[PDB]
Amino acid sequence: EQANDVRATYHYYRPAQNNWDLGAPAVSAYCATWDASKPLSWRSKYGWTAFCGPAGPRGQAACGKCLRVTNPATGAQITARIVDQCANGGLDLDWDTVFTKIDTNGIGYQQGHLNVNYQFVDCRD
């Protein structure tokens, strides 16, 4: 749940693509079947993270809490929303929410990875 100095990768999957209708065959995220059906409001209100990695194993009773993300190097920090869990080593199904916001002066893009700190946080929506 609490990992620091993480040599993080940047696999930011692309939600928006299909208005978050994850139900769409080829995608099907953990809560897709339940969440894809929520009116655009909540869905877009916050960002989006189908989460993955090594530390922070939270799949089952996870689709309800948030993941806080900070970049010590620049000071950039945001609150993420744990929606799904992947098994191939990504990070999040962002594209526009965490990386795309806490990206630095291109470092992240120039390398394909960065060093961050993330802690599980409850957003109690």
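A.B. asks: Before we go on, may I ask you to explain the side chain of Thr104 in this structure?
C.D. replies: Relative to the helices and strands, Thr104 resides in the loop between α3 (99–102) and α4 (107–111). Within polar-contact distance, the side chain of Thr104 engages the backbone nitrogen of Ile107 at 3.3 Å. Dropping the residues within four chain positions of it, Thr104 is found in contact with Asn71, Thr74 and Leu114.

A.B. asks: Can you help me understand the state of the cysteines in this one?
C.D. replies: Disulfides are covalent bonds that connect the sulfur atoms of two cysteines. Overall, the coordinates contain three disulfides when judged by the stated rule. Shown here is the disulfide that connects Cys31 with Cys63, its sulfur atoms set 2.0 Å apart. Looking down the S-S bond of the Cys31 and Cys63 bridge, the torsion is -115 degrees, so its handedness is left-handed. In this pair, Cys31 sits in the loop between β2 (11–12) and α1 (32–35) while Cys63 sits in the loop between β3 (49–51) and β4 (66–71), placing the two residues 32 residues apart along the sequence. Each bonded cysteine of the protein chain is numbered by sequence order, and under that numbering the disulfide pairs are 1-3, 2-5, 4-6.

A.B. asks: Would you take a moment to explain the sheet that holds strand β1 (residues 2–9) for this structure?
C.D. replies: Adjacent strands of a sheet form backbone hydrogen bonds with each other and so pair up, either parallel or antiparallel. The strand order across the open sheet built from five strands is β1-β7-β4-β5-β3, with neighbouring strands paired in mixed fashion. Looking at the sheet topology across the chains shown, the edges are occupied by β1 and β3. For this sheet, the mean angle separating the axes of adjacent strands, direction not counted, is 45 degrees. Looking at chain direction, β1 and strand β7 (residues 113–121) are connected through six bridges and run antiparallel. Across the sheet, the residue bridging to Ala3 is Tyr118, located in β7.

A.B. asks: Quick question: what am I supposed to make of the environment of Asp21 here?
C.D. replies: Its location among the elements puts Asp21 in the loop between β2 and α1. Judged by relative accessible area, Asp21 falls into the partly exposed class, the value being 40%. Between the C-alpha atoms of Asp21 and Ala36, which are 15 residues apart in sequence, the distance is 4.8 Å.

A.B. asks: Can you help me understand the side chain of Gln119 in this one?
C.D. replies: Tracing the backbone through its elements, the reader meets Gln119 in strand β7. What makes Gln119 buried here is its relative accessible area of 16%. Setting aside anything within four residues of it in sequence, one finds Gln119 in contact with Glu1, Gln2, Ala3, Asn4, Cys66, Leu67 and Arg68.

A.B. asks: Help me out: how do you make sense of the pairing of β7 in this one?
C.D. replies: Here is the key point about a regular strand: its side chains alternate between the two faces of the sheet. By the bridge criterion, five bridges tie β4 to β7 in an arrangement that is antiparallel. Within the sheet, the bridge partner assigned to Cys66 lies in β7 and is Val121.

A.B. asks: When you look at the environment of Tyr46 in this model, what are you seeing that I'm missing?
C.D. replies: Among the structural elements, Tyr46 can be located in the loop between α2 (40–45) and β3. Placed 35 residues apart in sequence, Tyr46 and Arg81 show a C-alpha to C-alpha distance of 7.2 Å. The contact partners of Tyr46, leaving out residues within four places of it in the chain, are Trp20, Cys66, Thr79, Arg81 and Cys123.

A.B. asks: Would you mind showing me how to read the UniProt feature "disulfide bond" in the protein chain here?
C.D. replies: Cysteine pair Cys52 and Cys86, annotated in UniProt as disulfide-bonded: S-S separation 2.0 Å, below the 2.5 Å cut-off, and the bond is accordingly regarded as formed. Note that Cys52 is positioned in the loop between β3 and β4 and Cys86 in the loop between β5 (76–85) and β6 (91–92), a separation of 34 residues in sequence. For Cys86, a relative accessible area of 22% gives the class partly exposed. For the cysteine pair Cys66 and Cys123, annotated in UniProt as disulfide-bonded, the sulfur atoms lie 2.0 Å apart, consistent with the bond being present in this model.

Basis of the calculations
Residues numbered from 1 in each chain as written, not as in the entry; some residues may be left out. Heavy atoms only, no water. Helix = DSSP H or I, 4+ residues; strand = E, 2+ residues; numbered from the N terminus. Polar contact = N/O pair within 3.5 Å; in protein donor to acceptor, adjacent residues only side chain to side chain. Contact = heavy atoms within 4.5 Å. Disulfide = S-S within 2.5 Å. Pairing = 2+ DSSP bridges. Axes fitted to C-alpha atoms, helices over the stretch in contact; angles between N-to-C directions. Buried < 20%, exposed > 50% of the residue type's maximum accessible area, 1.4 Å probe, protein only. UniProt positions renumbered as here; feature names shortened; annotations may be inferred.

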